[PDB]
Amino acid sequence: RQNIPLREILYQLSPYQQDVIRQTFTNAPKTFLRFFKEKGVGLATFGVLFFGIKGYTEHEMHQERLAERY
Amino acid sequence: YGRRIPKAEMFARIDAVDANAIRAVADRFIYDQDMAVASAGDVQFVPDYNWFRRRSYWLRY
């Protein structure tokens with residue numbers, strides 16, 4: 001394994017001197033909002049392109065069925 | 001200790017320790033207990049706390 005020159009001091013605490021699932025209920029709305037802020041633009045771009053092109057195609061398909069309609 | 005232990009008492013206390021007492025003391029102090037680990041120098045390959053913590057007990061028994 002490689003040799004990485006590094007100067008630090010690392011502290012770790014035991015898993016049994018800590019809570020397991022009690023900060024999830026506190027950090028849950030902040031995590032939700034941070035996720036949507038970080039990935040908001042791409043999800044919006046994907047949704048707008050997909051649903052707009054699908055709606056345009058479906059509208060034109062209905063128009064073409066009505067154009068041949070007796 | 002608040003006193004001076006005579007050497008006869010220290011010898012009698014040492015002479016009362018057998019293999020059962022060593023087993024019981026190690027079972028009280030070591031087995032499946034948290035420990036403290038300190039290191040210095042070239043320590044990039046020293047295992048972390050969970051590696052040390054899992055090797056305080058035996059699943060084979």
Side-chain angles (χ1 to χ4, degrees):
Chain A
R1 191 177 169 184
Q2 290 298 115
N3 179 27
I4 314 293
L6 189 84
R7 179 76 168 104
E8 76 169 359
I9 296 169
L10 169 73
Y11 293 103
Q12 294 206 344
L13 193 53
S14 170
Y16 307 131
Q17 296 283 307
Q18 275 154 344
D19 54 357
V20 182
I21 60 170
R22 273 82 67 192
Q23 312 300 126
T24 57
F25 308 101
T26 304
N27 301 329
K30 301 184 285 289
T31 308
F32 184 84
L33 294 185
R34 199 187 63 124
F35 167 78
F36 266 100
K37 183 184 185 294
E38 184 68 30
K39 304 186 165 306
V41 185
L43 287 169
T45 294
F46 155 74
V48 164
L49 275 172
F50 177 76
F51 281 103
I53 290 173
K54 190 183 144 190
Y56 169 74
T57 301
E58 282 182 345
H59 179 258
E60 284 300 279
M61 279 164 68
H62 190 243
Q63 286 278 311
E64 287 188 21
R65 293 174 73 90
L66 286 185
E68 59 94 22
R69 192 181 261 218
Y70 291 133
Chain B
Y1 307 127
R3 65 184 184 119
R4 176 69 168 153
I5 301 168
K7 301 287 310 163
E9 198 187 321
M10 192 65 82
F11 279 0
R13 285 205 184 233
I14 281 155
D15 282 7
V17 176
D18 47 352
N20 285 346
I22 294 289
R23 265 196 292 274
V25 163
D27 182 59
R28 163 192 161 168
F29 279 103
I30 309 179
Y31 189 66
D32 207 353
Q33 307 270 358
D34 289 340
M35 81 295 297
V37 169
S39 289
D42 203 347
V43 293
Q44 37 181 335
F45 295 160
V46 177
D48 55 3
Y49 189 77
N50 279 308
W51 190 97
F52 278 99
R53 190 48 176 86
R54 189 256 173 272
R55 288 155 179 80
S56 287
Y57 54 93
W58 284 0
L59 304 185
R60 79 192 84 169
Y61 157 70

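So you know, we letter chains A, B, ... as the sequences are listed, proteins then strands, and number each from 1. Computation of the quantities below employed the complete heavy-atom set of this structure, encompassing side-chain atoms and omitting hydrogens, waters and symmetry-equivalent molecules.
Counting non-hydrogen atoms of neighbouring residues, nucleotides and ligands closer than 6.0 angstrom, the CZ atom of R3(B) exceeds 12 such neighbours. Atom CZ of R65(A) has 12 or fewer neighbouring heavy atoms from other residues, nucleotides or ligands inside a 6.0 Å radius.
Put simply, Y31(B) and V25(B) are part of two different groups of oily side chains (I, L, V, M, F, W, Y) that touch within less than 4.5 Å, one to the next. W51(B) and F45(B) fall into different hydrophobic clusters, where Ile, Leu, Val, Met, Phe, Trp and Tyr are joined by side-chain heavy atoms under 4.5 Å apart, directly or via other members. By the rule that hydrophobic residues join a cluster once side-chain heavy atoms approach within less than 4.5 Å of another member, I30(B) and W58(B) end up as members of separate clusters. Under the 4.5 Å side-chain heavy-atom criterion for grouping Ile, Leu, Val, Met, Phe, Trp and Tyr, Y49(B) is not connected to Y57(B) through any hydrophobic cluster. The hydrophobic cluster containing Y1(B) also contains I14(B), counting ILVMFWY residues as joined when their side-chain heavy atoms lie under 4.5 angstrom apart, directly or transitively.
Looking at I4(A), the atoms closer than 4.5 Å to chain B (heavy atoms on both sides) sit in the backbone and in the side chain alike.
Within residues 15-49 of chain A, the residues approaching chain B closer than 4.5 Å by heavy atoms are, in numerical order, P15(A), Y16(A), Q17(A).
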Next item on the list: Decide yes or no on side-chain contact (heavy atoms from CB on, under 4.5 Å) for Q12(A) and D48(B), but give the supporting numbers first.
Entry: CA-CA 8 Å; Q12(A) 294 206 344; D48(B) 55 3; 3.9 Å; yes

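The shortest non-hydrogen separation linking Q44(B) to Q2(A) is OE1-O, 3.8 Å.
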